[PDB]
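K.L.:
One structure, pasted below without further comment.
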Amino acid sequence: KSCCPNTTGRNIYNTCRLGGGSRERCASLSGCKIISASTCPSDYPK
């Protein structure tokens, strides 16, 4: 799932995972926020 203030980041996170890359690897790549239990933080999933 993960949440990102801009699809630009969610893109790397999403594609990253789509390419077999840990959630953290992409997180450090773009800068999205990693949540838990799916539920997203405030409301910045894109």
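K.L.:
Within region 28-45, how many residues are within 14 Å of residue 6 (Cβ to Cβ) and touching a helix residue (DSSP H, G or I) at 6+ places or on another chain (Cβ under 9 Å)?
P.N.:
6
K.L.:
Name the pairs whose Cβ atoms lie under 9 Å apart, with the first residue in region 34-46 and over 13 Å from residue 10 (Cα atoms), the second of a type in the set (A, V, I, L, M) and surrounded by 10 or more Cβ atoms within 10 Å (Cβ to Cβ), and 6 or more positions between them or separate chains?
P.N.:
41/35
K.L.:
Does residue 9 satisfy the criteria of being touching a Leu at 6+ places or on another chain (Cβ under 9 Å) and not hydroxyl-bearing (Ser, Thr, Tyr)?
P.N.:
Numbers: touching a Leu at 6+ places or on another chain (Cβ under 9 Å): yes; not hydroxyl-bearing (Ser, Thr, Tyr): yes.
Considered against the rule, which asks whether it is touching a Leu at 6+ places or on another chain (Cβ under 9 Å) and not hydroxyl-bearing (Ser, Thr, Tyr), residue 9 comes out as yes.
K.L.:
Also, I was wondering about something else. Looking at (1) surrounded by fewer than 12 Cβ atoms within 10 Å (Cβ to Cβ); (2) assigned to a helix (DSSP H, G or I), find the lone condition where residue 42 falls short.
P.N.:
It fails just one condition, (2).
K.L.:
Hey, can you tell me all the residues within region 2-28 that are outside any helix (DSSP H, G or I) and more than 9 Å from the chain's Cα centre (by Cα)? So that I can check it myself, show each step before the final result.
P.N.:
The initial filter retains those residues of region 2-28 that are outside any helix (DSSP H, G or I), namely 2-6, 19-22.
Those that are outside any helix (DSSP H, G or I) and more than 9 Å from the chain's Cα centre (by Cα): 5, 6, 19, 20, 21, 22.
K.L.:
Can I ask one more? Give me the pairs, please: first residue somewhere in region 2-26 and closer than 11 Å to residue 44 by Cα, second residue anywhere and of a type in the set (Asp, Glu) and not in a strand (DSSP E or B), beta-carbon distance under 9 Å, and either six or more positions apart or on two chains.
P.N.:
Here the result reads 3/43, each pair linking region 2-26 to a residue that is of a type in the set (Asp, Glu) and not in a strand (DSSP E or B).
K.L.:
Taking the condition part of a loop (DSSP other than H, G, I, E, B) and of a type in the set (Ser, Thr, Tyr), does residue 36 pass?
P.N.:
Answer is yes for this residue.
K.L.:
Tally up the residues in region 1-27 that are small (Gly, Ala, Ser) and surrounded by 12 or more Cβ atoms within 10 Å (Cβ to Cβ), please.
P.N.:
Start the filter on region 1-27 by keeping residues that are small (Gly, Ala, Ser), which leaves 2, 9, 19-22, 27.
With the extra rule that they be surrounded by 12 or more Cβ atoms within 10 Å (Cβ to Cβ), the set shrinks to 2, 9, 21, 27.
Going through region 1-27 one residue at a time, the tally reaches 4.
Quick reminder, even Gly has a Cβ in these numbers, built from the backbone with ideal geometry, and neighbours come from all protein chains shown. FYI, it's all coordinate maths here, none of it is from the lab.
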